[PDB]
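One structure is given below, encoded as structure tokens.
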Amino acid sequence: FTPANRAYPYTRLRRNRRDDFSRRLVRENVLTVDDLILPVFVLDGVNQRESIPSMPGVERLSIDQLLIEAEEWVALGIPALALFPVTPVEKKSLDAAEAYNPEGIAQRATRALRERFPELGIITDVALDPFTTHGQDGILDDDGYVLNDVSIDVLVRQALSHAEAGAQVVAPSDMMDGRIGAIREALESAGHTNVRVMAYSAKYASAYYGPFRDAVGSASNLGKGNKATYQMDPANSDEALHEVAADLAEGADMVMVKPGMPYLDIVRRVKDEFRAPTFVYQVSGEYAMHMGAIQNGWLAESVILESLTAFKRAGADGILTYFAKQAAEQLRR
Amino acid sequence: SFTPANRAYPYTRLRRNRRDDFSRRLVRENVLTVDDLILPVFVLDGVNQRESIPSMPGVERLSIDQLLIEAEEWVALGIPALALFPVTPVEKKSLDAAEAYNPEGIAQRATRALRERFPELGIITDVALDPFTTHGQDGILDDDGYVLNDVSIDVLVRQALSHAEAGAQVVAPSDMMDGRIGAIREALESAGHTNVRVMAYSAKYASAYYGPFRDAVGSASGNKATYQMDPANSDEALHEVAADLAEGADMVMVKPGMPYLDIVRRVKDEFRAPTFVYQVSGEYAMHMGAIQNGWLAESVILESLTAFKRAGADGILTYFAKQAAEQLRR
Amino acid sequence: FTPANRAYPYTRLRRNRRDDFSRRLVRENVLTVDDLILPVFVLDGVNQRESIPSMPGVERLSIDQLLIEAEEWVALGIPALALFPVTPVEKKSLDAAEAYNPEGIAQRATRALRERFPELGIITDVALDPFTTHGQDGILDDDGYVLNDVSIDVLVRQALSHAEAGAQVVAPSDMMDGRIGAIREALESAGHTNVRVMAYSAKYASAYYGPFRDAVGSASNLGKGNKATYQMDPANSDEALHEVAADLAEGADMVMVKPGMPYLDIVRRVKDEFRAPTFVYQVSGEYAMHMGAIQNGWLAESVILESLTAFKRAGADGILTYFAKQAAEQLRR
Amino acid sequence: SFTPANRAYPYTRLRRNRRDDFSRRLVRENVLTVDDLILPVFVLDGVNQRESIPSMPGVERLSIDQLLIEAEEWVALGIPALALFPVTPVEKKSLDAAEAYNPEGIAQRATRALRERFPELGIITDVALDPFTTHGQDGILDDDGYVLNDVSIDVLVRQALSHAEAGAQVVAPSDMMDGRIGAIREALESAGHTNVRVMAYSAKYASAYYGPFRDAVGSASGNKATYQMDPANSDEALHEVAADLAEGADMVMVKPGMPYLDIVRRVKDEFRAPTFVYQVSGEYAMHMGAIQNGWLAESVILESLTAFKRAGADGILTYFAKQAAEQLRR
Amino acid sequence: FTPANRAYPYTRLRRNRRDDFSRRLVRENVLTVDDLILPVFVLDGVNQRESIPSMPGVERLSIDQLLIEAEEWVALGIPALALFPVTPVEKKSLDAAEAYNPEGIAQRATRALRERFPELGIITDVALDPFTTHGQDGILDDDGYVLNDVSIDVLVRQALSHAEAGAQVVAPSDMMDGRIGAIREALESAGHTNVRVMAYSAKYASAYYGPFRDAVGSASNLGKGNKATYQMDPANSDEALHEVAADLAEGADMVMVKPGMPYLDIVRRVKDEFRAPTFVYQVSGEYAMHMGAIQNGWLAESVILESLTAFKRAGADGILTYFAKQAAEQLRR
Amino acid sequence: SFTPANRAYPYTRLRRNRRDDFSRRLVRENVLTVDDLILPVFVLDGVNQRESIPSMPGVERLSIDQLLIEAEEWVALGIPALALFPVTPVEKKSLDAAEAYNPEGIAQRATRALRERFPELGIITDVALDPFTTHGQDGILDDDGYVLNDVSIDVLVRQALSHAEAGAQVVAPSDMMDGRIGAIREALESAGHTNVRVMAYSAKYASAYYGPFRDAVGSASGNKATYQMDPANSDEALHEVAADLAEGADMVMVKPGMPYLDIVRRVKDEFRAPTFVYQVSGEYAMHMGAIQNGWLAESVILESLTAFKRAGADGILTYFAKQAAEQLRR
Ligand SMILES: [Cl-]
Ligand SMILES: [Cl-]
Ligand SMILES: [Cl-]
Ligand SMILES: [Cl-]
Ligand SMILES: [Cl-]
Ligand SMILES: [Cl-]
Ligand SMILES: [K+]
Ligand SMILES: [K+]
Ligand SMILES: [K+]
Ligand SMILES: [K+]
Ligand SMILES: [K+]
Ligand SMILES: [K+]
Ligand SMILES: [Mg+2]
Ligand SMILES: [Mg+2]
Ligand SMILES: [Mg+2]
Ligand SMILES: [Mg+2]
Ligand SMILES: [Mg+2]
Ligand SMILES: [Mg+2]
């Protein structure tokens with residue numbers, strides 16, 4: 001960068017801050033509804049709405065209830081939903097076969113939403129964690145290690161069942177090496193030419209996933225287990241560039257940094273280095289922490305749009321956020 | 001900077017994101033909002049007057065009362081700022097351009113009237129001598145017909161001060177005299193006008209695109225290649241901006257607009273400062289003419305304005321600002 | 001960039017502007033006839049010259065009339081023509097078979113010009129829009145979507161018929177993914193080793209194509225249809241770099257940004273990043289808008305060379321411009 | 001800068017290094033140590049006083065004797081520095097903010113007491129007028145309610161000098177007046193306070209995250225968008241830091257912290273200077289609230305602090321500093 | 001870099017140096033035990049401990065003695081050992097067959113350590129120099145030249161016997177072209193998916209290897225021979241970038257610069273350019289030279305941590321150092 | 001900067017160029033020549049004296065007549081410059097370091113004697129107070145034992161002037177006081193010493209490697225972390241060099257040498273200025289000790305010196321300069 005010899009008092013950076021109109025003129029970034037993705041927790045059955053104690057204001061919804069709520073999500077202009085099925089306990093297995101069940105919640109919810117709301121983007125989740133008795137994102141070997149290439153075999157079948165259900169976007173969150181190219185290849189081979197792959201590229205072994213694990217019901221399955229053999233070390237930044245570079249090479253249409261606010265520097269570096277469609281997840285713990293402080297009267301509602309503007313400023317094109325309705329509503333007005 | 005990352009067809013198909021509206025909206029790199037818009041307005045001396053301009057279809061010169069009336073609609077649409085260009089009566093032109101610093105000149109009157117009735121509306125005054133000289137040249141001429149640099153700056157400074165006294169939040173020197181940004185900043189600071197912004201017309205080309213504006217303001221009674229920039233020069237625009245930043249400009253502008261998008265892009269990339277671009281009278285008329293003739297669909301207006309945002313402009317001075325602001329509200 | 005601490009009054013940038021001679025010495029870019037490509041609209045039949053109301057001063061020309069006009073284009077030193085055939089209504093089809101007809105206007109015009117003017121560069125257009133009843137650049141599926149790889153099959157046959165006719169350059173304007181490498185491969189396989197591919201790399205879904213659509217007669221076919229599923233979003237800049245990077249990798253000899261003046265920042269970035277032979281189209285709407293303002297007395301003729309100098313300054317090596325004769329004439333003198 | 005080097009699955013499997021603790025530790029790019037930690041502390045006027053703060057669970061305001069007692073534990077843990085924030089009695093607030101430079105103001109007293117009993121402990125004083133004004137604004141107001149720049153700097157300078165006289169090794173201007181770093185540096189040098197460090201709050205955003213701190217210090221009886229930075233602006237933070245470095249800052253700070261990691265990263269990459277970040281009261285409370293509610297595991301605290309190191313911060317002002325220092329000792 | 005116009009006396013860089021606390025706050029790099037790899041010389045037989053005259057304080061150790069010493073290495077938190085077997089004279093050959101003996105010292109020591117200390121990283125050495133009668137790192141042709149691809153055949157068999165013994169890391173020190181990709185391929189083919197390859201990427205034809213050659217017993221075998229046809233020319237820096245780029249492309253998980261302190265500029269460039277896990281060897285001559293000066297009373301012990309901090313500052317993530325115990329002990333306290 | 005160009009085994013085999021001496025010589029990136037060499041020499045007060053130094057095997061302190069005798073051999077070998085380090089008699093040390101600017105101090109005498117008998121030989125004097133203070137500290141101490149910055153600069157300036165008067169072509173301030181390069185340059189210019197070069201010891205670390213030199217010069221009767229650089233810091237060295245260049249240094253130096261090659265590399269890459277590196281007494285002794293012990297072959301000396309050239313140094317201050325110069329002649 002070139003400072004161009006700017007010096008007080010010839011340069012006073014408060015002059016542009018003097019008035020709202022100049023503030024607005026020079027303002028570098030804005031959040032719009034075109035930046036918003038709403039994740040939703042999807043229940044089996046009919047007429048089901050379940051509160052989540054660790055994500056106040058967020059509800060698990062059966063497919064019929066989801067179709068009704070989606071009327072307003074669409075009316076607000078929200079471009080896409082990311083679906084997270086809440087797997088019945090009895091459907092969890094060692095082999096995660098429910099992942100690719102054409103009658104699984106994810107697949108049924110896709111078919112229903114694609115028919116009801118043809119313009120709404122549906123992003124499915126490619127990962128085994130909602131389907132395994134152990135709560136890990138893949139298949140274990142006899143050492144209890146998440147097998148890479150064997151897991152990809154199952155993830156591929158899943159991705160294909162999502163495309164078959166009409167999902168415009170599949171989002172592998174699993175963090176297996178090479179899964180973007182394996183899923184891309186399979187989609188291509190099968191004629192699913194236009195199904196986007198939204199890679200979770202730099203997805204960290206984070207402590208901020210707690211509430212979501214309660215929400216999808218994987219928390220009791222995982223127990224004290226951790227994902228440090230596949231999810232990325234929080235301390236590592238350069239390594240995120242290698243992750244993204246491979247996912248681009250492998251065919252990803254979009255690349256994602258996960259967690260969001262605790263990793264904004266990663267967003268910045270990924271946008272700067274690759275100049276590709278860049279996505280960020282404002283995860284369940286980020287949401288819970290803001291919502292808990294707002295409900296306590298400790299922070300003003302306005303932190304919501306402040307937290308979301310940060311993602312734009314950092315370089316994200318789109319934001320998966322549990323705040324997406326609240327935000328769209330505030331936008332809107 | 002830029003890494004292809006070994007992206008290769010068919011693994012990479014750049015049309016997947018284009019497949020649907022929802023994914024095009026998600027990845028869409030830039031968006032024009034009314035926050036980006038500045039409306040230039042031509043201001044008359046009388047009351048209850050509007051005049052049409054043959055080379056600027058749909059643009060009216062307004063007397064100050066009409067300006068106030070119309071500004072109600074501009075403010076309602078959320079347009080942040082106006083850029084005022086006085087249409088000087090012939091009796092008020094001189095070799096000394098004294099009308100430039102007249103506390104009752106059209107720009108000064110318009111400014112006080114606007115600042116009082118719409119206190120949140122940004123007013124950007126024009127610092128230049130071309131509406132005030134008998135030959136309309138942007139400065140004072142010597143005996144060979146040359147536009148004197150430092151002597152013109154003395155008049156421009158008096159002018160900028162009069163604008164700051166009239167209440168203008170921004171003065172915009174468009175004259176292209178060397179060193180004027182610094183001289184104006186110095187004088188503003190010495191006079192205690194600490195918060196008056198200076199929007200430098202930094203890289204302002206010796207263009208053929210200003211023709212309609214010259215009819216608009218009545219300056220059309222000659223070239224400016226000794227002060228305005230040679231259209232061929234790009235590296236040069238970086239030196240012009242570096243100086244204006246060092247001299248204290250709060251925002252820097254590239255002029256003409258669309259014929260110079262590459263300059264917007266270099267200026268934003270290199271300096272990372274508030275960057276402005278003028279979509280000039282000639283751009284406006286070309287587009288407007290083609291639309292009215294039925295040659296071009298009217299969506300070319302948002303396409304042109306969108307181009308400014310993509311090239312790196314923060315704000316756009318454009319005669320389209322009202323039309324664009326209405327399309328963005330609808 | 002390094003400002004090197006240059007400060008008024010030690011640095012006065014008006015000193016070089018003082019005199020024509022210093023102006024000329026430091027002037028960074030110049031337009032010459034070596035930068036000019038003339039597009040031409042080519043009619044069937046004999047002795048045909050048709051005015052285009054939305055492109056004043058431009059005529060559709062039968063092949064005999066084109067050969068006569070070309071005498072002066074060559075005398076002026078214009079390096080190349082880009083041919084755009086005006087397809088008879090009765091020859092438009094679903095399958096676009098006329099694209100690869102050895103007796104199609106494009107093919108006949110190539111053979112005639114290559115024989116008459118052996119040094120003149122002939123650039124043919126690879127695209128189905130002049131041949132389809134729907135006016136879209138490729139073959140539609142049952143959803144009315146432009147099929148990518150199926151369209152490339154037809155585009156390849158077309159490119160081959162152009163090479164067979166003697167075209168030194170083929171210019172795929174179609175914006176299908178991967179078509180540069182498919183056309184390159186086919187040309188290579190068939191022994192057309194030296195046929196250049198001039199890729200329309202970063203070709204935007206623009207509103208500035210109106211007059212050309214009237215000129216080639218595709219406007220009534222297209223109707224209200226749009227090309228947003230293949231032509232690029234006007235808002236997108238980083239994405240242009242990915243487009244060009246792939247076309248280079250795929251074998252393009254030249255890469256083109258289209259529209260021209262509304263996308264000069266793209267020209268700048270493409271030249272800066274790739275350092276490759278870079279081309280820009282000053283499209284029909286750009287031409288119409290300048291010509292309409294000049295005829296109205298609103299702009300001086302001099303905007304023509306100003307608009308063309310911009311392309312040089314921005315980084316283009318060559319410019320496809322309907323002004324190419326006027327410009328060459330003004331150069332010339 | 002960055003070269004992918006044609007790395008491709010399966011030759012490249014980024015999980016191999018993740019396979020085992022030993023290889024994760026070897027390649028681990030960043031590590032938080034107590035060397036990175038600064039504890040902000042809220043200081044009361046009395047003796048034998050502690051108060052709890054509703055919006056800052058687990059944080060106590062301490063009178064100076066309690067501060068000394070607690071500092072024994074902070075020093076033992078190896079915490080390098082405290083950042084003092086006085087809780088000004090209501091009787092001591094004024095329009096002129098004179099209490100700011102009172103040689104017996106809470107900050108000044110706390111500093112002398114600390115410098116004497118823990119001479120190796122770093123004391124960072126707050127240079128700002130918001131704990132001293134009746135309206136708590138960070139400067140002196142004019143008649144339209146505007147925070148006067150240069151007039152406020154005059155008071156900030158008197159304040160910084162009083163801190164240097166009290167023995168402070170670092171004064172930290174948090175006020176966001178233009179040019180204050182230079183004016184403070186000039187005055188420090190003229191007075192022979194050659195080694196007093198200035199830690200500029202350089203890119204300090206007009207944030208909603210300061211709510212709990214305003215309760216903590218008692219300033220909660222209004223916005224600061226005319227001086228604090230617009231949250232949307234990034235390029236702007238580079239200009240703010242460039243000026244503060246030129247003006248003589250020894251370290252530069254980004255504030256808020258985690259909602260601005262991208263700014264930490266740009267600031268460190270571009271300037272390669274000592275870079276500091278404040279994990280503000282709102283960050284602390286959000287995390288603390290979620291942990292106590294059972295929503296988040298307490299390892300999110302080290303994860304947040306680790307994020308600062310990775311983003312490029314050298315030092316972190318954080319209300320978590322004692323907790324983190326104990327986890328690093330255990 | 002941007003100096004930002006910093007000028008004395010407004011900028012005095014001694015202000016941060018004034019006090020220990022500010023020193024500590026701004027200190028850019030720190031050595032920790034997570035950066036340390038201990039190389040060890042491994043003897044055949046039982047109850048063997050042999051001093052090395054050119055590496056004072058370093059001992060060759062039989063496997064039983066190595067298991068006992070390793071108790072404290074682990075207690076100190078040292079992440080990994082690099083094993084260097086001391087080949088019996090009678091086991092040296094033309095064909096280096098002992099390299100891949102499942103009962104070779106390296107293989108036996110791996111199996112023993114992997115079983116006794118499951119969390120300790122074991123890095124094996126892939127190179128023929130401890131096994132050849134000539135002391136060169138590969139197989140000679142009839143001109144006495146080290147054959148590239150023939151040597152790789154043997155190195156591959158070795159690497160495989162190391163994986164089979166349970167080594168988590170193999171470190172080819174041989175400097176044959178292409179050996180990283182050959183070893184990677186073989187490991188992959190054989191299902192050794194997670195065995196890391198720590199490439200000696202920019203390994204110089206150095207004079208600083210003397211003491212180690214005495215330690216492993218290769219010095220008398222090598223004689224006056226040199227390795228200039230494979231080990232890198234000390235004068236060459238740009239060439240190191242090409243070396244590393246290829247090893248990354250070929251699948252290395254970590255890349256190493258060798259010697260350490262005489263090549264810190266190489267460390268800096270490799271980290272800066274590639275942003276990959278970067279390793280550096282503080283070689284036997286570096287160790288001997290510091291230890292000799294410390295024992296003579298010519299340098300303070302404190303040069304040890306100074307020499308090791310240099311590697312962190314230069315850009316290394318991990319350091320193979322004979323000082324690793326001393327350092328860990330000093331850390332520790 | 002760096003493009004791998006898709007080079008891949010077996011098309012690319014980097015050993016082909018290594019196959020033969022002739023191709024290794026052709027591609028060989030750097031070469032040490034005697035043009036790169038500066039010999040530091042320890043100078044005694046007497047006549048007909050040489051002393052051995054226990055921690056610096058093979059290095060002798062020489063009285064000025066012995067220096068002249070030996071310099072005949074250094075000049076013949078083509079060594080461009082000496083760096084003089086006086087061994088001050090105990091009687092000549094003081095709190096005020098006055099012996100530093102004594103026109104008959106050892107450095108000053110040695111310089112006149114050298115400039116007269118070998119007028120083409122470069123003489124680099126040491127600007128520092130550590131050979132002259134009773135506590136040997138590089139400056140004047142205040143009452144807390146702190147090395148005063150500006151007060152020390154006053155003495156260093158007097159010293160540098162005395163060297164310029166004695167005929168020195170280069171004065172080399174090794175003291176690490178802030179701002180000294182500028183103060184020395186100013187004083188040299190004011191006194192008409194227009195062509196006297198200043199070789200700044202710019203990035204001079206608080207090292208353990210200076211131990212043998214302290215025995216050599218007799219300063220060994222304490223640390224310098226308040227002025228010499230923290231070994232851990234790299235970005236910091238860029239700021240140190242930027243200042244010294246701005247202040248007028250003709251060449252900039254990194255000290256210690258081999259433990260800081262990464263700093264040489266950053267300094268040359270970023271500033272592209274004449275860059276010097278000191279291979280310090282501790283480096284010399286480590287190498288020398290290992291060679292004599294039979295542990296290392298003597299080719300490690302050229303390897304170490306070659307490393308400096310590769311890292312980006314133009315010139316090397318090295319106690320090996322005579323040995324290396326003889327190997328380069330043979
Ligand atoms: Cl599809
Ligand atoms: Cl003002
Ligand atoms: Cl051919
Ligand atoms: Cl001080
Ligand atoms: Cl394995
Ligand atoms: Cl001189
Ligand atoms: K978006
Ligand atoms: K804007
Ligand atoms: K020229
Ligand atoms: K630190
Ligand atoms: K490490
Ligand atoms: K050579
Ligand atoms: Mg991955
Ligand atoms: Mg200028
Ligand atoms: Mg393409
Ligand atoms: Mg500031
Ligand atoms: Mg190699
Ligand atoms: Mg210095």
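Chain labels follow the order of the structure tokens: the first chain is A, the next B, and so on; residue numbering restarts at 1 in every chain, and ligands are counted from 1 in their shown order.
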Exercise for review: Compute the chain B side of the contact with chain A at 8 Å, counting only C-alpha atoms, and hand it back as an NGL selection string.
Suggested key: :B and (1-8 or 10-17 or 19-23 or 25-29 or 35-37 or 80-81 or 120-122 or 182 or 185-186 or 189 or 194-197 or 242-243 or 245-250 or 270-272 or 274-275 or 314-315)
Point to revise | Surrounding residues as a PyMOL selection string, ligand 15, max 6 Å, only C-alpha atoms and all ligand atoms | key: chain C and resi 175+177+201+243
Please write out the residues within 7 Å of ligand 18 as a PDB file with N, CA, C and O atoms, in the first residue's frame, counting only C-alpha atoms and all ligand atoms.
```pdb
ATOM      1  N   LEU E  13      13.330   3.799  18.339  1.00  0.00           N
ATOM      2  CA  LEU E  13      13.151   2.329  18.526  1.00  0.00           C
ATOM      3  C   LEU E  13      13.668   1.756  19.845  1.00  0.00           C
ATOM      4  O   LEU E  13      13.320   0.651  20.203  1.00  0.00           O
TER       5      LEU E  13
ATOM      6  N   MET F 176      24.404   1.879  18.384  1.00  0.00           N
ATOM      7  CA  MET F 176      22.934   1.622  18.467  1.00  0.00           C
ATOM      8  C   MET F 176      22.156   2.624  19.323  1.00  0.00           C
ATOM      9  O   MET F 176      21.171   2.249  20.014  1.00  0.00           O
ATOM     10  N   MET F 177      22.577   3.888  19.284  1.00  0.00           N
ATOM     11  CA  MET F 177      21.753   4.977  19.814  1.00  0.00           C
ATOM     12  C   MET F 177      20.771   5.359  18.732  1.00  0.00           C
ATOM     13  O   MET F 177      21.156   5.407  17.561  1.00  0.00           O
ATOM     14  N   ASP F 178      19.522   5.636  19.105  1.00  0.00           N
ATOM     15  CA  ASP F 178      18.555   6.172  18.137  1.00  0.00           C
ATOM     16  C   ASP F 178      19.015   7.510  17.579  1.00  0.00           C
ATOM     17  O   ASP F 178      19.539   8.368  18.295  1.00  0.00           O
ATOM     18  N   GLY F 179      18.786   7.689  16.288  1.00  0.00           N
ATOM     19  CA  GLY F 179      19.115   8.936  15.612  1.00  0.00           C
ATOM     20  C   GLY F 179      20.571   9.307  15.405  1.00  0.00           C
ATOM     21  O   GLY F 179      20.807  10.418  14.947  1.00  0.00           O
ATOM     22  N   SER F 202      23.218  -0.963  11.534  1.00  0.00           N
ATOM     23  CA  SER F 202      21.760  -0.647  11.594  1.00  0.00           C
ATOM     24  C   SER F 202      20.970  -1.643  12.415  1.00  0.00           C
ATOM     25  O   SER F 202      20.211  -1.263  13.287  1.00  0.00           O
ATOM     26  N   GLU F 240      14.795  -0.136  11.468  1.00  0.00           N
ATOM     27  CA  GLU F 240      16.135   0.356  11.827  1.00  0.00           C
ATOM     28  C   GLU F 240      16.885   0.795  10.547  1.00  0.00           C
ATOM     29  O   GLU F 240      17.448   1.867  10.492  1.00  0.00           O
ATOM     30  N   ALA F 243      15.306   4.048   8.711  1.00  0.00           N
ATOM     31  CA  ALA F 243      15.720   5.260   9.421  1.00  0.00           C
ATOM     32  C   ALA F 243      17.156   5.641   9.088  1.00  0.00           C
ATOM     33  O   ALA F 243      17.452   6.783   8.824  1.00  0.00           O
ATOM     34  N   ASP F 244      18.066   4.674   9.080  1.00  0.00           N
ATOM     35  CA  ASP F 244      19.495   4.971   8.865  1.00  0.00           C
ATOM     36  C   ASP F 244      19.725   5.427   7.418  1.00  0.00           C
ATOM     37  O   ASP F 244      20.514   6.321   7.170  1.00  0.00           O
TER      38      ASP F 244
END
```
Exercise for review: Just the helix (DSSP H, G or I) stuff from segment 12-241 of chain D, please, per backbone DSSP, written as a PyMOL selection string.
Suggested key: chain D and resi 21-27+34-36+64-77+90-92+98-101+106-117+149-166+180-190+211-217+235-241
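Atom pair atom CA of residue 107 of chain C / atom CA of residue 192 of chain C has a distance of 15.9 Å (rounded to one decimal).
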**Study point:** Long-range neighbours of segment 212-228 of chain B as a ChimeraX atom specification, 8 Å cut-off, only C-alpha atoms, 2 positions minimum in chain
**Key:** /B:42,53,55-56,61,85-88,130-131,134-137,147,176-177,204-206,209-210,230,280-282,285 /C:14,17-19,298-299
For the residues in the current selection, export C-alpha atoms as a PDB file, in the first residue's frame.
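So result08.pdb came out as:
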```pdb
ATOM      1  CA  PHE B  42     -26.876  23.466 -13.373  1.00  0.00           C
ATOM      2  CA  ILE B  53     -30.260  22.153 -22.962  1.00  0.00           C
ATOM      3  CA  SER B  55     -27.075  18.585 -26.118  1.00  0.00           C
ATOM      4  CA  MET B  56     -28.341  17.261 -22.743  1.00  0.00           C
ATOM      5  CA  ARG B  61     -31.002  24.375 -15.667  1.00  0.00           C
ATOM      6  CA  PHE B  85     -22.514  24.265 -11.406  1.00  0.00           C
ATOM      7  CA  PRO B  86     -23.627  27.904 -11.704  1.00  0.00           C
ATOM      8  CA  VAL B  87     -24.747  29.250 -15.130  1.00  0.00           C
ATOM      9  CA  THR B  88     -23.069  32.698 -14.916  1.00  0.00           C
ATOM     10  CA  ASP B 130     -14.256  28.724 -16.353  1.00  0.00           C
ATOM     11  CA  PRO B 131     -17.804  29.874 -15.565  1.00  0.00           C
ATOM     12  CA  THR B 134     -14.721  36.010 -20.617  1.00  0.00           C
ATOM     13  CA  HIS B 135     -12.840  33.326 -22.577  1.00  0.00           C
ATOM     14  CA  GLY B 136     -13.650  30.344 -20.255  1.00  0.00           C
ATOM     15  CA  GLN B 137     -10.383  29.015 -19.538  1.00  0.00           C
ATOM     16  CA  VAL B 147      -3.339  29.843 -18.150  1.00  0.00           C
ATOM     17  CA  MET B 176      -6.192  21.258 -12.855  1.00  0.00           C
ATOM     18  CA  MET B 177      -3.690  23.873 -11.687  1.00  0.00           C
ATOM     19  CA  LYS B 204      -8.940  15.326 -15.231  1.00  0.00           C
ATOM     20  CA  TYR B 205      -8.279  14.545 -19.071  1.00  0.00           C
ATOM     21  CA  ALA B 206      -8.224  17.041 -21.884  1.00  0.00           C
ATOM     22  CA  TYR B 209     -16.538  14.511 -23.882  1.00  0.00           C
ATOM     23  CA  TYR B 210     -17.244  17.806 -22.093  1.00  0.00           C
ATOM     24  CA  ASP B 230      -3.423  13.847 -22.235  1.00  0.00           C
ATOM     25  CA  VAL B 280     -19.572  13.439 -17.866  1.00  0.00           C
ATOM     26  CA  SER B 281     -22.128  15.304 -19.976  1.00  0.00           C
ATOM     27  CA  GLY B 282     -20.885  13.577 -23.165  1.00  0.00           C
ATOM     28  CA  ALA B 285     -25.885  12.436 -23.859  1.00  0.00           C
TER      29      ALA B 285
ATOM     30  CA  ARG C  14       1.984  21.031 -16.260  1.00  0.00           C
ATOM     31  CA  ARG C  17       1.978  19.741 -20.848  1.00  0.00           C
ATOM     32  CA  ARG C  18       3.445  23.216 -21.759  1.00  0.00           C
ATOM     33  CA  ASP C  19       4.242  22.446 -25.389  1.00  0.00           C
ATOM     34  CA  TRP C 298     -23.445  17.045 -29.362  1.00  0.00           C
ATOM     35  CA  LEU C 299     -19.876  15.651 -29.536  1.00  0.00           C
TER      36      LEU C 299
END
```
Practice item. Any chance you could list, as a PyMOL selection string, the residues in segment 6-239 of chain F that come up strand (DSSP E or B) when DSSP is run on the backbone? Key: chain F and resi 37-44+50-52+60-63+81-86+94+122-127+133+141+147+170-173+197-205+229
Exercise for review: Would you kindly return, as an MDAnalysis selection string, each protein, DNA or RNA residue with an atom no farther than 9 Å from any atom of residue 180 of chain F, considering only C-alpha atoms and excluding same-chain residues fewer than 4 positions away?
Suggested key: chainID F and resid 149:150 152:154 156:157 173 175:176 184:185 244 247
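Coordinates place atom CA of residue 321 of chain A at a distance of 19.5 Å from atom CA of residue 109 of chain A.
Going from atom CA of residue 55 of chain A to atom CA of residue 89 of chain A covers 21.0 Å.
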Exercise for review: May I ask which of the residues B:192, B:105, B:40, B:58 is the closest one to chain D, counting only C-alpha atoms?
Suggested key: B:192
Which residues, written as a short mmCIF file (atom, residue, chain, number, x, y, z; two decimals) with C-alpha atoms, in the first residue's frame, have at least one atom at most 9 Å from residue 47 of chain A, with only C-alpha atoms counted and residues fewer than 2 positions away on the same chain left out?
```
data_model
loop_
_atom_site.label_atom_id
_atom_site.label_comp_id
_atom_site.auth_asym_id
_atom_site.auth_seq_id
_atom_site.Cartn_x
_atom_site.Cartn_y
_atom_site.Cartn_z
CA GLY A 45 -42.58 -36.14 10.82
CA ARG A 49 -41.42 -27.27 15.93
CA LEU A 61 -38.85 -27.67 11.87
CA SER A 62 -40.65 -30.59 10.21
CA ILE A 63 -40.87 -30.32 6.37
CA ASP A 64 -44.47 -29.03 6.38
CA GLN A 65 -43.51 -26.29 8.86
#
```
